[PDB]
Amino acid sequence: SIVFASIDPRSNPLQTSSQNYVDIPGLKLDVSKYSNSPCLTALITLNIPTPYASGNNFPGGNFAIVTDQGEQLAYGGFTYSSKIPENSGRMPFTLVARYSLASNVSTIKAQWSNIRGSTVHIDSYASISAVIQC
């Protein structure tokens, strides 16, 4: 089966300058119906196709897939190749994780954080999805 959530915050863009990971609002999957099911697994893709980051010390952004049981299932990020890019170019980002559904998991969700004092931005379509299989 498929579980899916997307956002498209054109009118009210998202940003973070947080050094710690914080939730990306709207990018959460409810997997309660499948929990406590050791024979099931979720393959989870976080797709942030058009992010950027502003800043003045080799800016970038980090992303993670986590559960509400404190498991960091995957992480990664982008950075620029200059200290102060004259344009914060759009840097497509995708991240793929796996999680057994054996445990009492309820939520699989996206988080983000900054790098070197940057501000990370999302102002367009992004998604999180899972394929759940036996």
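Numbers follow the displayed sequence, beginning with 1.
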| item | value |
| --- | --- |
| Which of 61-69 and 88-96 has higher mean CA B factor, as the PDB entry lists it | 61-69 |
| Stretch with the higher entry mean CA B-factor, where the candidates are 37-45 and 73-81 | 37-45 |
| Third of chain Cα B-factors occupied by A53 | lowest |
| Ranked against its chain, the third holding the CA B-factor of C134 | highest |
| Ranked against its chain, the third holding the CA B-factor of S127 | lowest |
